[PDB]
Structures are given as structure tokens and as C-alpha cells.
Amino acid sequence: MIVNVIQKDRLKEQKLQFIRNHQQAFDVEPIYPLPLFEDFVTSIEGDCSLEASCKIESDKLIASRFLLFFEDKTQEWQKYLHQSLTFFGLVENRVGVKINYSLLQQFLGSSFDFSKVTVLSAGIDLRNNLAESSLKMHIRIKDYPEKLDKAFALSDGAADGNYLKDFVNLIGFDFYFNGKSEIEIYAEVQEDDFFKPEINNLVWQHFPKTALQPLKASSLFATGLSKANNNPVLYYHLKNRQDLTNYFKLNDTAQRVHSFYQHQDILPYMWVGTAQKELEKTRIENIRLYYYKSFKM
């Protein structure tokens, strides 16, 4: 019992330190309402992972971006959904905003099979303009084609064709503080399929050569489709975060983020998100960088 007590206190502080390391590196003052997210993270006592990320827009650095991934092996997905939504309601109460839950509600419908969930995450992207701040949720589903159909319908034309359903597992939800909400569909290709002729025909031939080059360093490729996106966002799951500079031509702001994270006590892998047009340039100006740490008893 005493071992569990010590460990619970240790993991609580480690999670807060990971959040604070990120915040303190990039934002001299924490963006409100970060402490509410910190309270939520604290309240999750089982095994989890945290994502800390930066969104670079030329010299603009957006860094109050965090996600918690529920990773307790009990697979209690409905419990985790309700914990996340409790946090969302707490945000509504403290900040004095009303969130638009309609895309999530329609996706879940009235008979959601939680045994088909493989990933659930919840978090924040906080801004100095309240209206531009958002809460975030992602749900990954497996063998649930009914829900893929619904997500594509909810996309309002963003999720291009029905051939993409073959590639979709993760569904994302953004909930802006102004009551605007968005859905995102992520079409993915796993590393084991990169060299298959079917993938060259359905996927690779519709991309320029520059979009294919980082695949060499990636375990997974994805494209994020949403009407909130100006362009489709290409995502690369780099096996080793040290390979970022070898495959992506970074501007000064992104290099700053890269440099900070090289020697932090974090997981080896990362995600990189960028528009197709950025990879055609001599230097990327718009990029998202996502880093990870796990917390296990």
C-alpha cells in the first residue's frame, strides 16, 4: 500500500513538471485556464501519457497545447469519456463559456460501443484571445464502420471520398470557447504498408516527391482532414525526434523548440504536422511539433 501512495504522489508531480517545463520554456506567464487542465491531469490516477506541442506560424509560437492519453490497461473508455467531459464542464463554469458538444453527441449517438475504442485523449489549446481557445478530444475506433460513416457525414465535405474510410481510425473534436466546434478525420498509413503497390496507387502518387521523403524516418503517416484546416495537414510519426532536422527544413522558431526538446527526459518518438506546400519550400514556415512522456505506476 505504501509503495502505491509514494508512486501516486510521484506521478502527480512528474505530470505537473512535464507541463511546467513546456510552459516555462515558451510562455513566461501561463495562459489561463492552464491550472484547470493541471487539476484534470492530477485527478487521473491510472497510467497515462501526456502530449506537449507547439504550433509555429512564421515567428509566432503557440505553446499552451497539451493532451492527456488514457492508458490504464482496464480499458474503461466510458469512464474516461465522462472524466474528460466533467473537466470540460468545469472549464465552462470557471471561464463562463458554453461549449458546443453537437459534433461529439452526434458521433457518439445513442448506442456507442466503447469496446471498439483503442485511444482516448483530452486536452487544450489555450490562447490570449478567449474566443480562439479550445478544448480537444480524440477517439480512435477499430472495426466500427457505422461510426466512420457518421464522422464522414459530420465533416461537411472535408473528408474527401468514401475510399478514405479504408484509412481512418482516429476522429478528432475541437471545442472553441466561442461556441464554434469542429471535427477532424485522420487517414493513416502504417509503416508495414509503405512499399505496397495498393498504397502507391491509392495514396503516394497523389503526393509530390517532397511529401514522400520523411517516410524514411517515420513509423506512421497521416493526413488530417477538417474544414477548420486551410490545407490538409500531413503528419509524420518520427521514430526518433533527433531526426527532425534531417528531414524537415526548420525556421528559427521551430529550431528553438527542437533544441529545447533534444535533451529533455521524454519519449524517443514525436509527431510532425505540416501542409504539403511547406515541404515544397526551401524552408518550412508553418509547422506543428508534438512531444510525449508516459507516466506508469
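The first residue of the shown sequence is 1; numbering continues from there.
Higher mean CA temperature factor, per the PDB entry, when comparing 225-233 with 25-33: 225-233. The deposited model assigns a higher average Cα B-factor to 159-167 than to the other stretch when 159-167 and 116-124 are compared.
Of all the options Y101, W204, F87, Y176, the entry's greatest CA B-factor is assigned to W204. Residue set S111, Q83, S134, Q105: peak C-alpha B-factor at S111 (per PDB entry). When the modelled residues of the chain are ordered by C-alpha B-factor, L279 sits in the highest third.
Among the modelled residues of the chain, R241 sits in the middle third by CA temperature factor in this PDB entry.
Ranked against the other modelled residues of its chain, the C-alpha B-factor of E45 as given in the entry falls in the highest third. When all modelled residues of the chain are sorted by CA temperature factor, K73 is found within the highest third.
Per the PDB record, residue ranking by Cα B-factor puts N93 in the highest third of the chain.
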